[PDB]
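Enquirer: Quick one: this structure, given as structure tokens, is what I'll be asking you about.
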Amino acid sequence: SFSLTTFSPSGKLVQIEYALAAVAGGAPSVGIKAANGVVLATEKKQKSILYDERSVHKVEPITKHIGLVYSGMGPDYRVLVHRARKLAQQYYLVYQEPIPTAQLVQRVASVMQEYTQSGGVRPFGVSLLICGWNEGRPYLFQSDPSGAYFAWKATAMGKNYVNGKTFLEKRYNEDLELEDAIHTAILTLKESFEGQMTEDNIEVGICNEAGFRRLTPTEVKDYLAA
Amino acid sequence: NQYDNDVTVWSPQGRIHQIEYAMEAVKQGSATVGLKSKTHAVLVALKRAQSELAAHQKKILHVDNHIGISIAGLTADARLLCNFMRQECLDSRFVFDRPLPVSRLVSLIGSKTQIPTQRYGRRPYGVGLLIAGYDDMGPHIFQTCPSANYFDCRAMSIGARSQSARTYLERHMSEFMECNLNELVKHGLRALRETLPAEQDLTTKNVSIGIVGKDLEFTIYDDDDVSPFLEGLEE
Amino acid sequence: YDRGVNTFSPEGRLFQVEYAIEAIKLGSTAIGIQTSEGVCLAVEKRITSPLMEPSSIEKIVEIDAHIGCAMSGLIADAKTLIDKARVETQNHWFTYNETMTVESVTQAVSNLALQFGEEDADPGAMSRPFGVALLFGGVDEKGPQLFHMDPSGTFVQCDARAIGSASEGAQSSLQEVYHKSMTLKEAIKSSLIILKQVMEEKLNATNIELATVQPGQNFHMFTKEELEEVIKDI
Amino acid sequence: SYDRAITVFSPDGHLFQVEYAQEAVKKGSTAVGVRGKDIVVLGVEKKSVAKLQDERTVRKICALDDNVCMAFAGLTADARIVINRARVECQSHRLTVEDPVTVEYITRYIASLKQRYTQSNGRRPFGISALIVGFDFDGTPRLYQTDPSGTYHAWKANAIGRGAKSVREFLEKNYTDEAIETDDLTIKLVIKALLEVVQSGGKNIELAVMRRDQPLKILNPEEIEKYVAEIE
Amino acid sequence: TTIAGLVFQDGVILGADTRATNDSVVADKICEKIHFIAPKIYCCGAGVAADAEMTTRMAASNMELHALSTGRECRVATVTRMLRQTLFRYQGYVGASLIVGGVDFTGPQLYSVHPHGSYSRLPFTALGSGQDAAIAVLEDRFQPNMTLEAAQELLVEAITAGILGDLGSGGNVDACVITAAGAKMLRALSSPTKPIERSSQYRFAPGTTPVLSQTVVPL
Amino acid sequence: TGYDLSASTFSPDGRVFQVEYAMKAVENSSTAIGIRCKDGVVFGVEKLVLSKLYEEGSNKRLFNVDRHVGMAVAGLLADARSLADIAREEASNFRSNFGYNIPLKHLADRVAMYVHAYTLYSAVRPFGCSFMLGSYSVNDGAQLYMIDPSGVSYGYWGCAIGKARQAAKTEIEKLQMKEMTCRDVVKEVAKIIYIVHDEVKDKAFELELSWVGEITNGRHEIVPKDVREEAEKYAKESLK
Amino acid sequence: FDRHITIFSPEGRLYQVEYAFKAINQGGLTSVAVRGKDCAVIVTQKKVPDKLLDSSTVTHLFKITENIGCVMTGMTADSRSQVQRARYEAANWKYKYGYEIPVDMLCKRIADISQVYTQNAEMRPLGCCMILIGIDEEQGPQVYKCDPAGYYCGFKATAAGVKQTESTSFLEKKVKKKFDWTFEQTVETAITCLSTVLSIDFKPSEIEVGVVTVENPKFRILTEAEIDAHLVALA
Amino acid sequence: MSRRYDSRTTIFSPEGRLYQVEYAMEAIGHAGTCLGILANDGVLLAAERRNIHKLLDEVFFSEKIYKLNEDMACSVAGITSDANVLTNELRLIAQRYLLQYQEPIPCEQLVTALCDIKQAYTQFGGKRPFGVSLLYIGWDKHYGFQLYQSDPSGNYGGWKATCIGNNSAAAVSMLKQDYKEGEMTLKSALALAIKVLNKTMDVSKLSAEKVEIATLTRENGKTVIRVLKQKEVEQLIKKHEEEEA
């Protein structure tokens, strides 16, 4: 019942320092907010053909107009899934409306804070990247295990995330349609990913006026044609 | 080394040193002896004074009309456990309206000492007990250990230098059955002599006894009745 | 360190209980005496500077009308006992409507000595052993009685007992001055003789406190007037 | 919850925790008080810098009641807990008894909190020591200091903080029946006690006085310079 | 309060009225009743208004994550067990009367939940104060696996009878069609009452109100 | 190394050494054996005499969990009597629940589950005792199960616990125990007891035997002194 | 420190979770399960080291429910403990959601149980990994595996125990060439997989094979007579 | 429960100090520069922005500046994690004040209320202390315009002008020089803060995006709090540019 996270002689937190170093080496994940939609393209890699791609999906929706991707530990993410979805539930219980992305990320990031204080528990090993659609304005947020959530037009997360950020810094600018947002998200994804690129290796999903929806492998292959 | 810090951690040989240190705590107390016949039972307790001006401590605790006990170990650990023994015996007359069987009481004593062992942070009770009592099956001599082990006994001697008494208890064990109340006191006091040093031997001040019997309820003697008991006994 | 308060020694004795008795050597010296005419208690105020007021120092407290008390060892743990000690004494008269025997006074207080632990306890559980030694004097249906307790909780009837830092040489001195029928006033004389030898300071009328209980008089603390008459018999 | 024994014994019986708590008391600012005849005077140095910090929030001289005030030296955070909880219990006393609170009756409760919280499970010993001074019935003043170990004692004159022993040396020698005989002598003696620990002192010295049934009054800095003006 | 539903060959339709009343008076004439649970699963409340409201809120919320956690279609029988266990937890303290129907992987299914928690499977029923008017109409003219158009004409007349035969049932008729191909919402499908007009108008001229104090706060 | 300190901490090889050390404590306990046949299950235990000062019948090693369920424990006697009452509470709560005697497979599961519960927590310690559980019924028949300190039960036609086990298990394999009757099985049980014990370390002992089956009418019953002496004489034909 | 309780290592790993992996190979067994077209078959080795050991009481094939089979690879004490809780969770599904739990949602709740052990330092993880099969009425047969870390994924075939990469290597021969998967032909690959790696040629009494098919959704373990019929014919 | 995993944060140093408390202020020492000034006609609170990237949004309001209630406001220097709970707790405390007393909370009461919570966690509970230092501004009926400063140890005090975070001692040194007590008003204090912000910040090219300025004043019986728009800050940059060179 004693706190496992304490202040270092330099003032930093030692436990959350390794949490940020853990999500830095996770699966490469990128996202872009352009025009009326946000593109989420992640990496689902299977070690063998025996693996069924329809059983486990990395891109999961939080609700109709909100979706979320991740780079980091598998188990800690599903715990975030249940609590964040239950938070959206308890939201819709009280407020009977779709949840705004700013309020959703805020109280979920507070859960990450609780385990930097309460004892006998480790902090989360997952850095969440949240996508949302409210009042006609798209939302792209980035949260890490430290509990501090930011906002980005485009960013990168996972292995070699520094390159993905610099690439979008050069290539990406304003006035990009959702069609260009997908093709730009693929180009920055071609850099971080290595090897042959198929529709099963990448899991892509978008959020627009019609809400957050995941792309089927058929239309993904159409975008694999450049 | 690192394995004596608590009870729960097992040694690489599968032993608990804290239970061993509790069993060695009982041997640091006073030496008491007890025995039973086919009829009566006698508990001879050795009393020791903290100083020369201090009065002798009480090693005998009255439990039930037919039951008595002598304590050897940490004094306060006996007291809290005596409040447990007396409560269970009072509960027996509170519920069953009968004297609690001495075998059933000792089984409850072990269950109380089994609770601290399996849990971390709890210390076991470091007091040993020599308890006697009479029932429909006759007198019984029971011994308990801080390890929670308890045995049925004809006669035992606990404390320091108890083997010189136990050796005496082995040779006269044949006589212990057929002797009467006056002889059980003679064998009991002569059994106490072997646990005693070579200087201070027998005085009615520091030596007290108790007796339970067929129709005789447990009764504690101190000085007045003990003086004629010591008379007529060689060492 | 690397152990609990409940951890046994290789000899089978609690470290916390052993160090508790060893801490009494840092306390204040108080010498009780049991006589046929009453029980005498004496203690030194231990004034290390004139700025202090001797009225705030009470090392002899009154449990009941005929029952007194003495104090040594740690001061913080003793004040806690006294309220309970007073309370259980009145709970006796509240229940049985009689004066509690001093042996039962030592009995009710000795129960809370050992109770200390960590797991399986309540929030009203105490962590560390008592660092206080107590002397209960008084007169009852059996006459004047003087008792003593230690941190382990063992209470023993004693003809004379000394507590505090000087209890080592004072207890040995009590055996010399105490013979047979020696009265209260004679015990008061022998009390000041031993107490003056064991203290490092000078014996004065206001330096020490003296209180006695009698079979025909309630427990009484001698005021500065009577204290001057007592010291001038030396 | 968090349940374990914090303060534990040592081979010598001393408590390292409590001893380190008293070390934080020694490093506190110097505060002093002295019992007069019908009056009592409290004072404390203040370490304000560059007219920046406000003088309203710095005050270490607090009143537990109309007839009882106090001053503290130690951690300023632990004092705010004790002062508040003492006032809650002091007025809860006036709920139980129509008569006011004797200075000895609030002192025994205060020091008792330092007794419990030191030996309590998971708690922490207080790093403060305070002078509770006030007027009992008939107008007899009383001065009491607490201890992080939980002990309390009566004093005719007392001081706390850094150099507290040095102030007592002044008090021990210069406090006689001639001392605190009148109002002019009580005011000068308390000031002269602080004149030794003056280091760049000036107006920074703060003083307060309570007289009989009158409430605690704070003596303004301008009259401080007037009473310090007479050293001969 | 008249709520009813009917299962036909190709799907299920849940009818309800638009009128809500508080004990002496009509609270709202157009007030909607049927709530949302799943795309293919819909329910409608009765009895206590707030209790039936908050219960469907907790039901739609629990079923929402069940659709998000499974990623599959929702079972209609799963909704009913959630509703009655809440009624059992409060020992019938909640006066919510709920009807649940929809289409799942198995097929069109309609259930019923009594405020005491009892659940019953059934092709057709009615709940509320005007339930006995709709049950009698649905009992006589029902046929197994009716055509979608045949079931639409019957259930609209069933709610119409439940309205005209109840004091607490009025307003328009909200019917919601649920089929294996998809669900469609029909708002105010039936309006049996023509006289929506009035014979006079009331207008006030400026300056006819005895105003005493006046102040203006700009924004 | 610090890995074997608590049972909640795994070893570098993926094992719990605290459970292993509790098993090593069982190896110091006295030997107890049992054998099941068509007629029933026969029990035996070697009860070492510690001193002549102990009354006859002291330190009884034959434990009775339930009317049809016998038990013999080899290990720490403190944890033995603990689990003994706990196993009786499970059988009593079963009867208080389902109104009949718990089958031996169902009882061995619930008891072993509670043994494994203490291996997970670091704030407690695992049991240092191992035991066998026999039972007999007309619907089931003779059954024998043994639970280790790790809380795992295995069905046995025969088992041996304590110091000497593998040596006694091979002697049971040398002859078919199924067709035998409890009258002839106790002849082999006493025969093995005399083979296991020799005079090297231990001094004296006493034979504690128990029967369950047709002879006892399906109820757990101790062997009387008359039959015990006669059963010894059958073993005295060869040992002596 | 990071190697005692579960906390982030300097590289961000968890060594207690890795030792839970190393606790799987300590069981000394190897199991395989192949997902067929209309069927799902589990093949594991039945170990009876003692002649007195009852073979009927030793079974590695477990039944979570009617349409779901189970096999446990890992510590036996942890294995039977998770299956009891798996049956507690599977029944909680039907008592709540109304229908037989699918194999995907069953592996999810079981994985969530291991997630609590990982994040909390109070309770240690279990050293057993569960392999579950079954047939979903929508997507057909479903075969999943859950490691003690909490990761599960859809597998065309599973491998666990001592043999892992070599067992998968033989399974890669069948899936890459795209072999026709039927009831017998999956049993042909499953027996050949374990026989060639261990160099044994298992006898019918040495193994136990659970099966489930579209025509027989109820899980059932094959009899030695049938296993022999599926042995010689497969030889 | 293993007593090896407990650091026992309640241990006093041999000098009578707390380790976890001292390490908290050091983490605050790395936070960005935040200052405030108490003036006659209003209170001014300005701060810098350490996070600078071309892809940042900042569609919200300020970064380290929060609004406690209608009559009060605060800034933040420290770990943004512990800042969110403190900001929530301060608002909860200030609102629980509105429950019983149904009046705007005095700026002194809200400070001592949170500090009692900070010292409780360092006293017991075993949980780590808080790593955030907070500045407070606002107006009350008694003392008027107020500026306060809080430390993670629970210690607080009133201030006419102060600074927290990076370059704190450098700004305090300039406040001891230019600041005129009881003379400079809110208008003059605005130009003074911009001067201190530009000199103490070694990072060049100060822009309306890189810095943030918020004002709180009482006008016509209503507390007026606002944050200057980037164009309004750019106008102040054009004013200070001429002043500087």
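One line per chain: the protein sequences are B, F, E, D, 1, G, A and C, in this order.
Everything in the first sequence is counted per PDB author numbering, starting at 7 for the first residue and increasing by one.
Everything in the second sequence is counted per PDB author numbering, starting at 4 for the first residue and increasing by one.
Everything in the third sequence is counted per PDB author numbering, starting at 8 for the first residue and increasing by one.
Everything in the fourth sequence is counted per PDB author numbering, starting at 2 for the first residue and increasing by one.
Everything in the fifth sequence is counted per PDB author numbering, starting at 40 for the first residue and increasing by one.
Everything in the sixth sequence is counted per PDB author numbering, starting at 6 for the first residue and increasing by one.
Everything in the seventh sequence is counted per PDB author numbering, starting at 9 for the first residue and increasing by one.
Everything in the eighth sequence is counted per PDB author numbering, starting at 1 for the first residue and increasing by one.
Cβ coordinates follow ideal geometry from the N, Cα and C atoms, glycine included.
Decide yes or no for the touch test of the region 157-176 of chain C against the region 88-99 of chain D: beta carbon pairs closer than 8 Å, at least 3 of them.
Expert: No, the region 157-176 of chain C is not in contact with the region 88-99 of chain D.
Enquirer: Applying the criterion that 16 or more other CB atoms from any shown protein chain within 10 Å of the CB defines a buried residue, is residue 119 (chain D) buried or exposed?
Expert: It counts as buried.
Enquirer: Is residue 230 (chain B) helix, strand or coil when you go by DSSP?
Expert: Coil, per DSSP.
Enquirer: Hey, residue 165 (chain F) and residue 81 (chain F) are a contact pair by Cβ (cut 8 Å); roughly how many whole angstroms apart?
Expert: Actually they are not in contact, since the Cβ atoms of residue 165 (chain F) and residue 81 (chain F) sit about 18 Å apart, beyond 8 Å.
Enquirer: Enumerate, from N- to C-terminal direction, the unbroken beta strand (DSSP E) stretches of 3 or more residues contained entirely within the region 21-49 of chain E.
Expert: The region 21-49 of chain E contains these whole beta strand (DSSP E) runs: 37-42.
Enquirer: What does the Cβ neighbour count give for residue 187 (chain 1), buried or exposed, with the cut at 16 atoms within 10 Å?
Expert: Exposed, since its Cβ has fewer than 16 Cβ neighbours within 10 Å.
Enquirer: Beta-carbon within less than 6 Å of residue 80 (chain E)'s beta-carbon, same chain only, minus the 5 sequence neighbours each way: which residues are those?
Expert: Cβ neighbours of residue 80 (chain E) beyond the five flanking positions: 31, 34, 138, 139 and 140.
Enquirer: Could you tell me which residues DSSP pairs with residue 46 (chain F) in its beta bridges?
Expert: According to DSSP, residue 46 (chain F) bridges with 37 (chain F) and 213 (chain F).
Enquirer: Should the region 98-106 of chain C be called in touch with the region 117-133 of chain C, which here means at least 3 C-beta pairs below 8 Å?
Expert: The region 98-106 of chain C, when compared against the region 117-133 of chain C, does not touch it at the 8 Å Cβ threshold.
Enquirer: Taking residue 39 (chain G) as the query, report the chain A residues whose CB atoms sit under 9 Å from its CB, ordered along the chain.
Expert: Here the premise fails: no neighbours, minimum Cβ distance about 10 Å.
Enquirer: Excluding five sequence neighbours on each side, which residues of the same chain lie with their C-beta closer than 7 Å to the C-beta of residue 79 (chain D)?
Expert: Within the same chain, residue 79 (chain D) has close Cβ partners 127, 128 and 129.
Enquirer: I'd like to know whether the C-beta of residue 93 (chain E) is nearer than 9 Å to at least one C-beta of chain D.
Expert: Chain D contact via Cβ: absent.
Enquirer: Return no unless some Cβ of chain A is closer than 9 Å to the Cβ of residue 93 (chain B).
Expert: No, residue 93 (chain B) does not count as interfacial toward chain A.
Enquirer: Check each residue of the region 104-127 of chain 1: if its Cβ is closer than 7 Å to any Cβ of chain A, include it; give the result in chain order.
Expert: For the region 104-127 of chain 1, which is checked against every Cβ of chain A, the residues closer than 7 Å are 109, 114, 116, 117 and 120.
Enquirer: Tell me whether the region 210-217 of chain B and the region 40-55 of chain B touch, counting them as touching only if at least three CB pairs, one residue from each stretch, are closer than 8 Å.
Expert: Segments in contact, yes.
Enquirer: With a threshold of 7 Å on Cβ separation, who are the neighbours of residue 227 (chain G) within its own chain once the five nearest residues in sequence on each side are excluded?
Expert: Within the same chain, residue 227 (chain G) has close Cβ partners 67 and 215.
Enquirer: Grab me the residues of residue 219 (chain G)'s own chain with a C-beta within less than 7 Å of its C-beta, minus the 5 sequence neighbours each way, in chain order.
Expert: Counting only Cβ-Cβ distances below 7 Å, and skipping sequence neighbours, we find 44 and 45.
Enquirer: Just checking: is the beta-carbon of residue 128 (chain A) within a distance shorter than 9 Å of some beta-carbon in chain B?
Expert: It does: the Cβ of residue 128 (chain A) has a partner Cβ on chain B nearer than 9 Å.
Enquirer: Does DSSP put residue 155 (chain E) in a helix, in a strand, or in coil?
Expert: Residue 155 (chain E): strand per DSSP, three-state reduction.
Enquirer: Rounded to the nearest angstrom, what separates residue 177 (chain C) and residue 37 (chain C) at their Cα positions?
Expert: Each residue's Cα considered, the two are about 14 Å apart.
Enquirer: Using a Cβ-Cβ cutoff of less than 8 Å, which residues in the same chain neighbour residue 152 (chain C) once the five nearest sequence positions on both sides are dropped?
Expert: The answer, listed in chain order, is 21, 24, 25, 28, 78, 118, 129, 130, 131, 132 and 133.
Enquirer: Roughly how many angstroms separate the alpha carbons of residue 193 (chain D) and residue 215 (chain D), rounded to a whole number?
Expert: Rounded to the nearest angstrom, the two C-alpha atoms are 25 Å apart.
Enquirer: Using 9 Å as the threshold, is the C-beta distance between residue 161 (chain F) and residue 71 (chain F) below it?
Expert: No, the pair does not count as a contact, with Cβ atoms beyond the cut-off.
Enquirer: Under 9 Å between the Cβ atoms of residue 249 (chain E) and residue 24 (chain E)?
Expert: Outside the displayed range of chain E (8 to 241) lies residue 249 (chain E), so it cannot be described from this structure.
Enquirer: Does residue 240 (chain A) pass the burial test, meaning 16 or more other C-beta atoms within 10 Å, or should it be called exposed?
Expert: Result: exposed.
Enquirer: Does the contact criterion of 3 or more C-beta pairs under 8 Å hold for the region 165-174 of chain B versus the region 54-66 of chain B?
Expert: No contact exists between the region 165-174 of chain B and the region 54-66 of chain B.
Enquirer: Mapping DSSP to helix, strand and coil, what is residue 148 (chain C)?
Expert: Three-state DSSP puts residue 148 (chain C) in a strand.
Enquirer: So, do the region 168-181 of chain A and the region 39-58 of chain A have three or more beta carbon pairs nearer to each other than 8 Å?
Expert: Yes, the region 168-181 of chain A touches the region 39-58 of chain A.
Enquirer: DSSP state of residue 175 (chain C), grouped into three classes?
Expert: Three-state result, residue 175 (chain C): helix.
Enquirer: Could you check if residue 72 (chain 1) is buried or exposed, using at least 16 other CB atoms within 10 Å of its CB as the buried criterion?
Expert: Per the 10 Å Cβ criterion, buried.
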